[PDB]
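Participant: Before I ask anything, here is the structure I am working with.
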Amino acid sequence: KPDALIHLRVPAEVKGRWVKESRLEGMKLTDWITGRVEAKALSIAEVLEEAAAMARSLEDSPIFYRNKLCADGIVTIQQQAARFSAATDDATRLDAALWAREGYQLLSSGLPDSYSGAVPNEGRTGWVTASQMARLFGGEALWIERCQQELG
Amino acid sequence: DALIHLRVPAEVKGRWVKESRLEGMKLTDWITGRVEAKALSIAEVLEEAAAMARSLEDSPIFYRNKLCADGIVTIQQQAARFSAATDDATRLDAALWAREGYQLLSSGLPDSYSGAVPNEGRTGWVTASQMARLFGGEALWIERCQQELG
Amino acid sequence: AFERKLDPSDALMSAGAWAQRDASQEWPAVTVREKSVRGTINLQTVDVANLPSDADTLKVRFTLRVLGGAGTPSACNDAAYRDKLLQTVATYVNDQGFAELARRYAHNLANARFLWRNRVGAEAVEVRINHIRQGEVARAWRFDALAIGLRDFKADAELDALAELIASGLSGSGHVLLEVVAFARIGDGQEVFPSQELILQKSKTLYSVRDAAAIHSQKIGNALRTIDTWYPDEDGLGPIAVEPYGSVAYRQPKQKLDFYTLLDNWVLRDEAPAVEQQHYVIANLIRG
Amino acid sequence: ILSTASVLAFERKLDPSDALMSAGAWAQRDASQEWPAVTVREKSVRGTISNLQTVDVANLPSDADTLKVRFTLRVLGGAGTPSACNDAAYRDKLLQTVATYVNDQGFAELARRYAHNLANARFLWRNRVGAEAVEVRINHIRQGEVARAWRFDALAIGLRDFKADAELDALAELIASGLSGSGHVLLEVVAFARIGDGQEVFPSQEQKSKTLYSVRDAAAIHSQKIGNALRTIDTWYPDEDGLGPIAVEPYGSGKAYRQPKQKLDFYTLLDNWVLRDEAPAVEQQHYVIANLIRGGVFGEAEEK
């Protein structure tokens, strides 16, 4: 792939202090900021916890009983998510994470495609929650490739 | 105002944009907060401590004695009081109080187990270890709270 | 009348990279696959549509043509009735004009409401609308779908220009043809949402044209006709789709505000409806 | 007919000392003398919201990241010889039985497992968990000066299965020589656990509840607790022997593993071994002599 560029407009003192700390840490500035953002940024493990929390929130919402696909996906995200924290074998984790989105995919394929009025009642459509879950997991190929790279 | 130019792969930028949109902030502000990270945050420390307190709460160590249950409830209560605060004084008192809850739990925990490795549900040693790493030393945590909030 | 006046097309989907959308003709179409998904602790089957791993934006393209002569029916009615119906529609067009309906139609075109679920969770949505005459484009419009509201009709120079063009189409002064492209920056390799078809095994089959994902024309028309803010006792609530009974937020038949009651009282009893309600009547006349 | 002694007691053969605690810096552990002792203070702690409990707390100084826990373990000979008995025939037969074991086996296995529990720093009951690195120094002190030294990575050897090691087998052989009767052995055992700059250390226990144990205003693990950690040797209990070793108790004590229904308990084994001349499995021979080495008051309060 080709690389991409990111431009940071920050106060002058912030840039000077970052340059000082980076020179102290023995790395190039871009690498320093990259490691510092990655460290705290996100977790593969963390995502499942969230997605399960949103699924349990949906469980007490009308979208849970719209059709079998939504309920099955919610229950699956939780079930598989739980399985994932039981540890001691990365093989299962790789399986549980792929299952996790697989449950999500089920929920998103069970969600409606049209609503009435101006804005959807989030309880009856769950589109924003599904958007958040799609952001958490990412693309199908992206999430699968991440899981195979991390837990391969 | 000054600018910094970042050479990163496209996948890294895509992941960063996804996380930024997820958290509801712009990319520059997001990465700025990440680069002024400073590892653990007094608030994230208390939040993780409350999570660990809940995980121990739904287990047998919760019913071992009054010290363990009181410590669990105290950690959670003080984290909740810290998050819903408005003045740095209440935040400071809540953080100190929260550790006092960890200390109560840790002095209520057993000192011996049976078998090779301890059953975490009945001993709670690994969870207490992780939250003790979160808080740090007693004097260290008190000094940190007094520097940040005092 | 029951002859469709706002005739849309199926909106075909394609995938590409944002900021490369200016040359979007080459963009490969979004394919719909049929995957197996693991169920609750067991393999169900579902249709799924995704973008390639190197594409972050969805191009949804359709063609909408606006035709004139709304009051002229298609059913061979008793001529005496049709004379009065045509007279009523003509007196409306003279007195009021299509300006309000056309502006609201152009609003629903520009806000990208036709991207029913594809609009939510998108980083940025942009609508290009080209008035096409002959084999080339007569005029061009570019809109920020998220910037313009989804519950607000406000005046804008370029949007009022599109409104005037749609009014030219509806008035009968010549049928107008628009190509409508929507670019939604949904996310590198994310999920796109084509129209669903209830499978009455497969659970719910996705709609596709020539191995390309698409939103059905009826759904685009439903999105287009979210015009009426004249239903009883709901100011802040956004417009709903124009139906005869206005079911969903509903124009109850008992209330004189229903389409059939109003139209019959207007043409037969010569009782002119409310000004706001006139549009509702001619709007579902345009719907067909 | 031979009957078990009405009174039969044994004396501790693996005699440990109280393990004194001190605090220091990791990179100074080679010169670990004079390290200030970890003191136990009593702090006041606030509890639940509906109020001040008081608890004993032991912490390292704000400038110390490593805990030094030091004790002295002395190995004595003569395991089978009781301290109080009242049947000459039973004690004679018991001496014959234990002598036949010591001849055939020689304490090698038990000594290897005891040296494992010394080297893994298992005696650091809670101080071992959450430690960045734990290291065990073991010196075979003779005159008052070291005769041989051992350095071990407590986390590397773990706490799940006794494995053969070149340096550890030397300590095992020394402990076996001590137990055999070829000379009492004296070892000083120091453990360095990098538990964390200013963290909490955990001495043995027993308004305020659960007061911490201290000797001469210094935090310490009780000798009995160290002995409990030392004898987590038995991997021979009747079910699930792979899940790890437990401590050697008469009924394997969380119900009893060595149940007198499976007959594998200490008392049944010893009775069948001594009185009836039907020696158990070699492994159980290890178990019987292990709780003989531990010492206690066994015997029959009422005839069988």
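Chains: A, B, ... in order of the structure tokens. Residues: from 1 per chain. Ligands: from 1, in order shown.
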Within 8 Å of residue 223 in chain C, counting only C-alpha atoms, which residues show up once you throw out same-chain ones fewer than 5 positions away? Write them as a PyMOL selection string, please.

Facilitator: chain C and resi 108+113-114+116+241

Participant: Name the residues of range 11-141 of chain A that come out as helix (DSSP H, G or I) in a backbone DSSP run; write them as an MDAnalysis selection string.

Facilitator: chainID A and resid 12:25 29:41 44:59 62:65 68:85 90:110 122:125 127:137 140:141

Participant: Please provide as an MDAnalysis selection string all residues within 6 Å of range 60-73 of chain C, with the sequence filter that same-chain residues fewer than 2 positions apart are discarded (counting only C-alpha atoms).

Facilitator: chainID C and resid 1 5:13 75 86 89 169:172 175:182 286

Participant: Smallest atom-to-atom distance to residue 247 in chain D: which of B:115, B:110, B:9, B:124, using only C-alpha atoms?

Facilitator: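 When distances to residue 247 in chain D are compared using only C-alpha atoms, the smallest one comes from B:115.
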
Participant: Residues at most 9 Å from range 180-194 of chain D, counting only C-alpha atoms, excluding those fewer than 5 positions away in the same chain, as a PDB file with N, CA, C and O atoms, in the first residue's frame?

Facilitator:
```pdb
ATOM      1  N   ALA D  19      10.768 -15.869  59.154  1.00  0.00           N
ATOM      2  CA  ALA D  19      11.391 -15.227  58.002  1.00  0.00           C
ATOM      3  C   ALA D  19      11.233 -13.719  58.145  1.00  0.00           C
ATOM      4  O   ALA D  19      10.154 -13.171  57.915  1.00  0.00           O
ATOM      5  N   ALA D  25      16.549  -1.897  47.400  1.00  0.00           N
ATOM      6  CA  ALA D  25      16.592  -1.713  45.960  1.00  0.00           C
ATOM      7  C   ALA D  25      17.084  -3.002  45.321  1.00  0.00           C
ATOM      8  O   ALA D  25      17.945  -3.691  45.874  1.00  0.00           O
ATOM      9  N   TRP D  26      16.519  -3.324  44.157  1.00  0.00           N
ATOM     10  CA  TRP D  26      16.868  -4.562  43.469  1.00  0.00           C
ATOM     11  C   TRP D  26      18.365  -4.645  43.188  1.00  0.00           C
ATOM     12  O   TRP D  26      19.028  -5.616  43.577  1.00  0.00           O
ATOM     13  N   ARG D  29      20.788  -5.936  45.904  1.00  0.00           N
ATOM     14  CA  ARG D  29      20.496  -7.166  46.634  1.00  0.00           C
ATOM     15  C   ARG D  29      21.745  -7.984  46.934  1.00  0.00           C
ATOM     16  O   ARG D  29      21.720  -8.810  47.853  1.00  0.00           O
ATOM     17  N   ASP D  65      11.843  -1.010  46.130  1.00  0.00           N
ATOM     18  CA  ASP D  65      11.016  -1.798  45.230  1.00  0.00           C
ATOM     19  C   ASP D  65      11.193  -3.297  45.403  1.00  0.00           C
ATOM     20  O   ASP D  65      10.571  -4.066  44.661  1.00  0.00           O
ATOM     21  N   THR D  66      12.007  -3.742  46.355  1.00  0.00           N
ATOM     22  CA  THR D  66      12.248  -5.166  46.523  1.00  0.00           C
ATOM     23  C   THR D  66      12.147  -5.560  47.985  1.00  0.00           C
ATOM     24  O   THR D  66      12.602  -4.834  48.878  1.00  0.00           O
ATOM     25  N   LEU D  67      11.556  -6.729  48.209  1.00  0.00           N
ATOM     26  CA  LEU D  67      11.355  -7.303  49.528  1.00  0.00           C
ATOM     27  C   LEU D  67      12.329  -8.454  49.719  1.00  0.00           C
ATOM     28  O   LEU D  67      12.380  -9.372  48.891  1.00  0.00           O
ATOM     29  N   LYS D  68      13.107  -8.386  50.795  1.00  0.00           N
ATOM     30  CA  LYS D  68      14.024  -9.446  51.187  1.00  0.00           C
ATOM     31  C   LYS D  68      13.411 -10.199  52.361  1.00  0.00           C
ATOM     32  O   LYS D  68      13.204  -9.621  53.433  1.00  0.00           O
ATOM     33  N   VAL D  69      13.108 -11.474  52.151  1.00  0.00           N
ATOM     34  CA  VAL D  69      12.530 -12.335  53.177  1.00  0.00           C
ATOM     35  C   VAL D  69      13.556 -13.418  53.481  1.00  0.00           C
ATOM     36  O   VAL D  69      13.871 -14.237  52.610  1.00  0.00           O
ATOM     37  N   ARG D  70      14.102 -13.413  54.696  1.00  0.00           N
ATOM     38  CA  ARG D  70      15.196 -14.312  55.053  1.00  0.00           C
ATOM     39  C   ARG D  70      14.821 -15.175  56.248  1.00  0.00           C
ATOM     40  O   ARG D  70      14.325 -14.664  57.255  1.00  0.00           O
ATOM     41  N   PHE D  71      15.092 -16.477  56.149  1.00  0.00           N
ATOM     42  CA  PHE D  71      14.943 -17.376  57.287  1.00  0.00           C
ATOM     43  C   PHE D  71      16.062 -18.407  57.268  1.00  0.00           C
ATOM     44  O   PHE D  71      16.873 -18.464  56.340  1.00  0.00           O
ATOM     45  N   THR D  72      16.112 -19.218  58.323  1.00  0.00           N
ATOM     46  CA  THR D  72      17.102 -20.278  58.466  1.00  0.00           C
ATOM     47  C   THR D  72      16.380 -21.600  58.676  1.00  0.00           C
ATOM     48  O   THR D  72      15.551 -21.725  59.582  1.00  0.00           O
ATOM     49  N   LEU D  73      16.711 -22.586  57.848  1.00  0.00           N
ATOM     50  CA  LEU D  73      16.107 -23.907  57.901  1.00  0.00           C
ATOM     51  C   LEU D  73      17.183 -24.915  58.265  1.00  0.00           C
ATOM     52  O   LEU D  73      18.242 -24.962  57.630  1.00  0.00           O
ATOM     53  N   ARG D  74      16.904 -25.727  59.275  1.00  0.00           N
ATOM     54  CA  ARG D  74      17.844 -26.720  59.760  1.00  0.00           C
ATOM     55  C   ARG D  74      17.234 -28.104  59.575  1.00  0.00           C
ATOM     56  O   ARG D  74      16.085 -28.347  59.968  1.00  0.00           O
ATOM     57  N   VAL D  75      18.002 -28.983  58.934  1.00  0.00           N
ATOM     58  CA  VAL D  75      17.595 -30.338  58.589  1.00  0.00           C
ATOM     59  C   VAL D  75      18.244 -31.311  59.563  1.00  0.00           C
ATOM     60  O   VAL D  75      19.473 -31.308  59.733  1.00  0.00           O
ATOM     61  N   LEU D  76      17.420 -32.156  60.178  1.00  0.00           N
ATOM     62  CA  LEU D  76      17.819 -33.103  61.206  1.00  0.00           C
ATOM     63  C   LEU D  76      17.595 -34.530  60.715  1.00  0.00           C
ATOM     64  O   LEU D  76      16.824 -34.774  59.784  1.00  0.00           O
ATOM     65  N   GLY D  77      18.307 -35.477  61.326  1.00  0.00           N
ATOM     66  CA  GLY D  77      18.187 -36.875  60.979  1.00  0.00           C
ATOM     67  C   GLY D  77      17.236 -37.628  61.902  1.00  0.00           C
ATOM     68  O   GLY D  77      16.676 -37.089  62.851  1.00  0.00           O
ATOM     69  N   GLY D  78      17.058 -38.911  61.592  1.00  0.00           N
ATOM     70  CA  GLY D  78      16.241 -39.771  62.427  1.00  0.00           C
ATOM     71  C   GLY D  78      14.748 -39.540  62.320  1.00  0.00           C
ATOM     72  O   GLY D  78      14.119 -39.095  63.284  1.00  0.00           O
ATOM     73  N   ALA D  79      14.167 -39.830  61.155  1.00  0.00           N
ATOM     74  CA  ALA D  79      12.755 -39.522  60.941  1.00  0.00           C
ATOM     75  C   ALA D  79      11.842 -40.495  61.684  1.00  0.00           C
ATOM     76  O   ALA D  79      10.885 -40.078  62.349  1.00  0.00           O
ATOM     77  N   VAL D 102      14.558 -46.195  54.563  1.00  0.00           N
ATOM     78  CA  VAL D 102      15.723 -45.331  54.380  1.00  0.00           C
ATOM     79  C   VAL D 102      16.819 -46.074  53.636  1.00  0.00           C
ATOM     80  O   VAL D 102      17.529 -45.498  52.799  1.00  0.00           O
ATOM     81  N   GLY D 106      16.088 -43.829  50.640  1.00  0.00           N
ATOM     82  CA  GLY D 106      17.109 -42.872  51.019  1.00  0.00           C
ATOM     83  C   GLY D 106      16.734 -41.407  51.071  1.00  0.00           C
ATOM     84  O   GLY D 106      17.641 -40.568  51.110  1.00  0.00           O
ATOM     85  N   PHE D 107      15.445 -41.067  51.031  1.00  0.00           N
ATOM     86  CA  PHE D 107      14.939 -39.696  51.126  1.00  0.00           C
ATOM     87  C   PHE D 107      15.207 -38.861  49.883  1.00  0.00           C
ATOM     88  O   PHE D 107      14.979 -37.647  49.914  1.00  0.00           O
ATOM     89  N   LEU D 118      11.756 -24.976  48.447  1.00  0.00           N
ATOM     90  CA  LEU D 118      12.663 -23.920  48.892  1.00  0.00           C
ATOM     91  C   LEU D 118      13.046 -22.998  47.742  1.00  0.00           C
ATOM     92  O   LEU D 118      13.086 -21.772  47.904  1.00  0.00           O
ATOM     93  N   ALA D 119      13.326 -23.571  46.571  1.00  0.00           N
ATOM     94  CA  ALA D 119      13.843 -22.790  45.455  1.00  0.00           C
ATOM     95  C   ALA D 119      12.764 -21.985  44.740  1.00  0.00           C
ATOM     96  O   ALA D 119      13.054 -20.900  44.228  1.00  0.00           O
ATOM     97  N   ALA D 121      10.457 -20.350  45.993  1.00  0.00           N
ATOM     98  CA  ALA D 121       9.988 -19.273  46.869  1.00  0.00           C
ATOM     99  C   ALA D 121       8.487 -19.375  47.118  1.00  0.00           C
ATOM    100  O   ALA D 121       7.769 -18.372  47.126  1.00  0.00           O
ATOM    101  N   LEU D 124       6.847 -17.498  50.087  1.00  0.00           N
ATOM    102  CA  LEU D 124       6.385 -16.121  49.909  1.00  0.00           C
ATOM    103  C   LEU D 124       4.902 -16.123  49.531  1.00  0.00           C
ATOM    104  O   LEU D 124       4.508 -15.717  48.437  1.00  0.00           O
ATOM    105  N   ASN D 127       3.266 -12.641  48.902  1.00  0.00           N
ATOM    106  CA  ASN D 127       4.283 -11.748  48.366  1.00  0.00           C
ATOM    107  C   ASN D 127       4.805 -12.215  47.013  1.00  0.00           C
ATOM    108  O   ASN D 127       5.434 -11.426  46.298  1.00  0.00           O
ATOM    109  N   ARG D 128       4.544 -13.469  46.641  1.00  0.00           N
ATOM    110  CA  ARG D 128       5.028 -13.990  45.370  1.00  0.00           C
ATOM    111  C   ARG D 128       4.146 -13.562  44.207  1.00  0.00           C
ATOM    112  O   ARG D 128       4.647 -13.369  43.094  1.00  0.00           O
ATOM    113  N   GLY D 130       2.066 -11.235  41.759  1.00  0.00           N
ATOM    114  CA  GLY D 130       2.242  -9.866  41.333  1.00  0.00           C
ATOM    115  C   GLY D 130       3.658  -9.346  41.407  1.00  0.00           C
ATOM    116  O   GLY D 130       3.868  -8.141  41.227  1.00  0.00           O
ATOM    117  N   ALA D 131       4.635 -10.202  41.681  1.00  0.00           N
ATOM    118  CA  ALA D 131       6.021  -9.765  41.724  1.00  0.00           C
ATOM    119  C   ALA D 131       6.626  -9.782  40.327  1.00  0.00           C
ATOM    120  O   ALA D 131       6.391 -10.707  39.543  1.00  0.00           O
ATOM    121  N   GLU D 132       7.413  -8.748  40.018  1.00  0.00           N
ATOM    122  CA  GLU D 132       8.041  -8.672  38.703  1.00  0.00           C
ATOM    123  C   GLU D 132       9.071  -9.778  38.527  1.00  0.00           C
ATOM    124  O   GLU D 132       9.124 -10.427  37.475  1.00  0.00           O
ATOM    125  N   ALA D 133       9.894 -10.011  39.545  1.00  0.00           N
ATOM    126  CA  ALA D 133      10.875 -11.083  39.507  1.00  0.00           C
ATOM    127  C   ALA D 133      11.191 -11.512  40.932  1.00  0.00           C
ATOM    128  O   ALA D 133      11.308 -10.672  41.830  1.00  0.00           O
ATOM    129  N   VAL D 134      11.302 -12.822  41.133  1.00  0.00           N
ATOM    130  CA  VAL D 134      11.630 -13.402  42.428  1.00  0.00           C
ATOM    131  C   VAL D 134      12.876 -14.261  42.263  1.00  0.00           C
ATOM    132  O   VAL D 134      12.975 -15.048  41.313  1.00  0.00           O
ATOM    133  N   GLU D 135      13.816 -14.116  43.195  1.00  0.00           N
ATOM    134  CA  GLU D 135      15.082 -14.836  43.149  1.00  0.00           C
ATOM    135  C   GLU D 135      15.401 -15.367  44.536  1.00  0.00           C
ATOM    136  O   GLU D 135      15.189 -14.679  45.537  1.00  0.00           O
ATOM    137  N   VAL D 136      15.908 -16.594  44.595  1.00  0.00           N
ATOM    138  CA  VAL D 136      16.140 -17.280  45.860  1.00  0.00           C
ATOM    139  C   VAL D 136      17.625 -17.562  46.010  1.00  0.00           C
ATOM    140  O   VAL D 136      18.231 -18.227  45.159  1.00  0.00           O
ATOM    141  N   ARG D 137      18.205 -17.052  47.092  1.00  0.00           N
ATOM    142  CA  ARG D 137      19.565 -17.360  47.501  1.00  0.00           C
ATOM    143  C   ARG D 137      19.486 -18.396  48.610  1.00  0.00           C
ATOM    144  O   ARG D 137      18.700 -18.245  49.550  1.00  0.00           O
ATOM    145  N   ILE D 138      20.277 -19.455  48.496  1.00  0.00           N
ATOM    146  CA  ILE D 138      20.278 -20.523  49.488  1.00  0.00           C
ATOM    147  C   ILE D 138      21.726 -20.858  49.799  1.00  0.00           C
ATOM    148  O   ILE D 138      22.456 -21.333  48.924  1.00  0.00           O
ATOM    149  N   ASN D 139      22.164 -20.609  51.022  1.00  0.00           N
ATOM    150  CA  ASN D 139      23.542 -20.879  51.378  1.00  0.00           C
ATOM    151  C   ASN D 139      23.735 -21.984  52.366  1.00  0.00           C
ATOM    152  O   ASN D 139      23.113 -21.980  53.390  1.00  0.00           O
ATOM    153  N   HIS D 140      24.616 -22.923  52.082  1.00  0.00           N
ATOM    154  CA  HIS D 140      24.844 -23.979  53.032  1.00  0.00           C
ATOM    155  C   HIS D 140      25.809 -23.566  54.093  1.00  0.00           C
ATOM    156  O   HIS D 140      26.958 -23.919  54.049  1.00  0.00           O
ATOM    157  N   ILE D 141      25.340 -22.775  55.039  1.00  0.00           N
ATOM    158  CA  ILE D 141      26.204 -22.274  56.078  1.00  0.00           C
ATOM    159  C   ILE D 141      26.676 -23.353  57.018  1.00  0.00           C
ATOM    160  O   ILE D 141      25.886 -24.130  57.502  1.00  0.00           O
ATOM    161  N   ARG D 142      27.974 -23.375  57.288  1.00  0.00           N
ATOM    162  CA  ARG D 142      28.574 -24.358  58.175  1.00  0.00           C
ATOM    163  C   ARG D 142      29.071 -23.739  59.459  1.00  0.00           C
ATOM    164  O   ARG D 142      28.338 -23.634  60.427  1.00  0.00           O
ATOM    165  N   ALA D 154      12.820 -18.096  41.004  1.00  0.00           N
ATOM    166  CA  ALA D 154      11.646 -18.713  41.612  1.00  0.00           C
ATOM    167  C   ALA D 154      10.517 -18.876  40.604  1.00  0.00           C
ATOM    168  O   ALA D 154       9.792 -19.879  40.626  1.00  0.00           O
ATOM    169  N   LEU D 174      22.140 -32.695  49.359  1.00  0.00           N
ATOM    170  CA  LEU D 174      22.530 -32.200  50.677  1.00  0.00           C
ATOM    171  C   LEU D 174      21.409 -32.391  51.691  1.00  0.00           C
ATOM    172  O   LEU D 174      21.647 -32.838  52.821  1.00  0.00           O
ATOM    173  N   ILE D 175      20.176 -32.070  51.300  1.00  0.00           N
ATOM    174  CA  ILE D 175      19.045 -32.250  52.203  1.00  0.00           C
ATOM    175  C   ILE D 175      18.831 -33.730  52.500  1.00  0.00           C
ATOM    176  O   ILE D 175      18.471 -34.108  53.621  1.00  0.00           O
TER     177      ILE D 175
END
```

Participant: Among range 130-278 of chain C, which residues carry a DSSP assignment of strand (DSSP E or B), reported as an MDAnalysis selection string?

Facilitator: chainID C and resid 130:133 136:144 176:184 191 196:198 202 204:206 208 213:215 226:228 240:241
